[PDB]
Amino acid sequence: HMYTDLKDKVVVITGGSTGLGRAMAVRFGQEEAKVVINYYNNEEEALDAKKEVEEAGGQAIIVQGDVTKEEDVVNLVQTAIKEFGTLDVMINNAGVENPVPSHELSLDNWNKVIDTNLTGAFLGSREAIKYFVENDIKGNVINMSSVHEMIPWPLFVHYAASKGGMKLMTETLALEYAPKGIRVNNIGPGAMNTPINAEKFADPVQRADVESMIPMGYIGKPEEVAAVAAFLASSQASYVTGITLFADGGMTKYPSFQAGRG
């Protein structure tokens, strides 16, 4: 396989049963890592993901947990160490979103998205960094961001804020813990071909509208994001910390400016 330094590494992935999380689970399995799959409530997909990792070459467990609940996050990292012996890579991938006019967005709805998308990643990063520091492990944190840590998002002010927050969180933790060999990085996916988007992307006109926002002209495959994750987690990225690596087919480069407009 590709990244040999990843063989037998313990990798925890929140929301790891579907979409980007699953594709990362499987790719780390292809690298013969030991994967810990978190999931909110869909056991069967988690079980399916578990089997894919094993069938690709990895060991795997599944663990139920809500990332808005501190004990579930604490429990997740502890379960990983109990079961597999250690922790090497922490991937905070859970996320929720819904469109609402911003002046109409409720406080409860703002909070749900903030708690899940930002606070969940803080909790996960914290619990991982704690463990690395306590045990002198030069570990690795990958936080799942979005093109929307840079691209503003009308109707999704909670989501955009959550990721803008995630960016400074990541950069801060990277600076703070860089002298301990602990690396912390964001991945910024563009529009990706996942479960949440299956409905939209079936419609030919909505698919084309989305593709028109992508300079490379196609919706990303989750494996292309997983490729970035493997790289970042590996010792090939040894001198890379506190960055956001956008995997968006050019979306942050301002798609409305194609062909020299404006």
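Just count from 1 along the sequence shown to find any residue number.
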**Item:** Which of 196 to 204 and 62 to 70 has higher mean CA B factor, as the PDB entry lists it
**Value:** 196 to 204
**Asked** Given the B-factors recorded for C-alpha atoms, which segment has the greater mean, 166 to 174 or 186 to 194?
**Response** 186 to 194
**Asked** Among 33, 213, 237, 216, which residue carries the highest C-alpha B-factor recorded in the PDB entry?
**Response** 33
**Message:** Looking at the C-alpha B-factor values in the deposited entry, which of 148, 82, 126, 180 comes out highest?
**Reply:** 82
**Message:** Could you place residue 160 in the lowest, middle or highest third of its chain by Cα temperature factor, using the values in the record?
**Reply:** lowest
**Item:** Chain thirds of CA B-factor: placement of residue 37
**Value:** middle
**Prompt:** residue 49's Cα B-factor: lowest, middle or highest third of the chain?
**Reply:** highest
**Item:** Third assignment of residue 56 from its chain's C-alpha B-factors
**Value:** highest
**Prompt:** According to the PDB entry, is the CA B factor of residue 118 in the bottom, middle or top third of its chain, that is, lowest, middle or highest?
**Reply:** lowest
